[PDB]
Amino acid sequence: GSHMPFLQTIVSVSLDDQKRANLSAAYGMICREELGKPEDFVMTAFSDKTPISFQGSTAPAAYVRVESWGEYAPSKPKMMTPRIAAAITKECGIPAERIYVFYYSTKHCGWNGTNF
Amino acid sequence: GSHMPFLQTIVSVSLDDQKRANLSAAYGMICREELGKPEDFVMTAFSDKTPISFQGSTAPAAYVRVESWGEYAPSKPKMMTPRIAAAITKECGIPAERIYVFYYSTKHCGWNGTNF
Amino acid sequence: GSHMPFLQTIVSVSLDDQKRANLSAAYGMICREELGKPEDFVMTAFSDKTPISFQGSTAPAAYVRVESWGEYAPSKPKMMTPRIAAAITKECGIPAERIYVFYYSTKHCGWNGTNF
């Protein structure tokens, strides 16, 4: 079904190494449990200090882009969002009402120099 | 039709708070008038100082990624691009010939910890 | 077929001007030879110093997002990935096993203030 998951987290707050490590840990679990495979591997990029505007405010907000090969079973993104958002709230203090999560997928994506 | 619009603006110039606030204002109008709903809310992320190369030049250029739930009525992106590009030119001095705008959408996207 | 190609390169290492210029040169060739048209033009954005986690490690890794108008002939992404990854390894020392490349496309995308 879904493979090679990549998450980009864009946040207006500053993150440090502990918080990125904690986020990567959380995302990895969420991906393993909700997206499919235990032994899966997950790539996780953090763009912090990125100003974000939302509802007329620049208070801390987040956007996460989830990508993967194939296409999603329609139940899985529903299960993932509240976990992703909870993990962002815990590590970053950003309330869920200022967190956007979008999921995309493709048939074309490549790793170790060879497409899936 | 189209919901929960997110714009990421990637620019090679430096932006300050006034210019991001002006861009967020402009995007909000463009989204409300062209994309659908008045009371809509719009998330707007600014990655400035990001080097961009184009036509063999690294002079100031821009890329904007527009995302939203569902799929676009085919007339709306056509209407949005010239407004987005005009707003970037005004706030950033980037000529329209170095501005790329791409639109994506998904059926899976989530807010306040719950998918749309 | 495929038009207006945009590449975003996200790397956890620092890039300098020579290395971005070399990457933009390489991407341009790869796009011209594999994606379609000689006289094509290619936009290339570099987000360096972006922490990335993968397989439990934050050693240097890369993610590249390739975007373009239309949709891909299914052979072309297969041909592009190993070139993109080779170019990243050469300029950045990142081994191919920590390089992800994803390809997306849209029917809606705009330049010089007018959609394709």
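Numbers given to residues start from 1 along each chain, in the order its sequence is written, and need not follow the entry; residues that have no coordinates are not shown. Each chain is given a letter, starting from A, and each ligand a number, starting from 1, according to the order in which they appear as written. As a rule here, side-chain values cover all heavy atoms of the structure and leave hydrogens and water aside.

Per the deposited record, the coordinates in this entry were obtained by X-ray crystallography to a resolution of 1.90 Å.

Caption draft 1: Region of interest: the relation of the copies chain A and chain C. Copies superposed on C-alpha atoms by least squares. The transformation that overlays chain A on chain C combines an axial shift of 0.0 Å with a rotation of 120 degrees, and the residual RMSD is 0.0 Å. As the rotation angle and translation indicate, the two copies are arranged about a three-fold axis. When the interface residues of chain A are mapped onto chain C, a mere 7% of them are again interface residues, pointing to distinct binding faces. Whether two residues are in contact is decided by their heavy atoms: any pair within 4.5 Å suffices.

Caption draft 2: Broad picture of the sheet that holds strand 4 (residues 62-70) of chain A. On the basis of which strands lie adjacent, the open sheet formed by seven strands has the order 7(B)-6(B)-5(A)-4(A)-1(A)-2(A)-3(C) and mixed pairing. If you trace the sheet from one side to the other, it starts and ends with strand 7 (114-115) of chain B together with strand 3 (52-54) of chain C, each paired once. Of the strand pairs in this sheet, strand 6 (residues 109-111) of chain B and strand 7 of chain B are connected by two bridges, and their pairing is antiparallel. Its bridge partner being in strand 7 of chain B, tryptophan 111 of chain B is matched across the sheet by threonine 114 of chain B. Only the stretch in contact is used when fitting a helix axis, every axis being a line fitted to C-alpha atoms; angles between N-to-C directions are given from 0 to 180 degrees. In DSSP terms, a helix is any run of H or I states spanning at least four residues, a strand is any run of E spanning at least two, and both are numbered starting from the N terminus. Contacting strand 1 (2-11), strand 4 and strand 5 (99-106) of chain A together with strand 6 and strand 7 of chain B, helix 2 (residues 75-92) of chain A runs over the sheet at an angle of about 135 degrees to strand 5 of chain A. Pairing between strands requires that DSSP locate at least two bridges from one strand to the other.

Caption draft 3: Molecular detail of the environment of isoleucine 99 of chain C. Here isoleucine 99 of chain C lies in strand 5 (residues 99-106). Distance from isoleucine 99 of chain C to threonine 89 of chain C, taken between C-alpha atoms, is 8.7 Å for residues 10 residues apart in sequence. Not counting residues within four places of it along the chain, the set of residues in contact with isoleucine 99 of chain C comprises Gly110, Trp111 and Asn112 of chain A together with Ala62, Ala85, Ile88, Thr89 and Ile94 of chain C.

Caption draft 4: Representation of the relation of the copies chain B and chain C in the model. Aligned on chain C, chain B shows an RMSD of 0.0 Å; the corresponding rotation is 120 degrees and the shift along the axis is 0.0 Å. Here only 7% of the contact residues of chain B are again contact residues in chain C; the copies associate through non-equivalent surfaces.

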